[PDB]
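Shown below, as structure tokens, is a lone chain in the form deposited in one PDB entry; questions about how it binds or moves come after it.
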């Protein structure tokens, strides 16, 4: 039973927003237990059964996954106003975190984040789930040594041209291999401490550059084998890209090498 009593939830400050309404941090309380920190998605004008159904489908999406590096569904409140209660990552967005902690994070930590995310994405691959929104903006920080894929509903779109595989841009095709492309971009962002890809470049010129063979450059202090793995994710032909299963394996070795 995923239904939660409203009085068990204490609403705190807003930590952002999505399509349906504001997102809040807060507390989930239960007798005999410590107060559990939670994120709370709200719906301005739920009830209206179409809108309420769409909003709640996002909870159902998260329900089917059980992984250490993907935010977990805690529960729902199906009465008005309708809330979805999620596991809180207390340190926020990965981009901000990397930008501020730049002189306090070593290379091992950054590779650790890439590795952790790859395990989440290999997990999704095995369930045949296509994310479509893999970007550093959608990764959350649970602890200095732990990151997680954020809510899938809240991850939705920015078309994220600068993150997208050519076949996704050209033919609206979205597969695990297009996800791999995006993950390659996400690793580059991590190594760059949260600098955005194709800075200063118009979206329309981006496809022209990829088609001309241009790729994002090797980040300073990124190890060669890791940049080599990144460029494989950016193979123009999707069938030449490694699967997340292979990425996990190779990121494991690269990480160990670095430690």
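Numbering follows the first chain given and starts at 1. For the two forms, the rigid core is made up of the largest set of C-alpha atoms that agree within 1.5 Å on superposition.
Note that the form deposited in another entry isn't included here; everything after this is about it.
**Core-superposed comparison between the shown form and the other one - Cα displaced by 2 angstroms or more, from 212, 30, 221, 64** = After core superposition, the single residue displaced by 2 Å or more is 30.
**Request:** Could you tell me whether the Cα atom of residue 44 shifts by at least 2 Å between the shown form and the other one after core superposition?
**Result:** Shift of 2 Å or more: yes.
**Core fit, then residue 17 C-alpha moves 2 Å or more between the shown form and the other one** = For residue 17, whose C-alpha is compared between the shown form and the other one after core superposition, the shift is 2 Å or more.
**Message:** Superposed on the rigid core, does the Cα of residue 92 end up 2 angstroms or more away between the shown form and the other one?
**Reply:** Residue 92: C-alpha displaced by less than 2 Å between the shown form and the other one.
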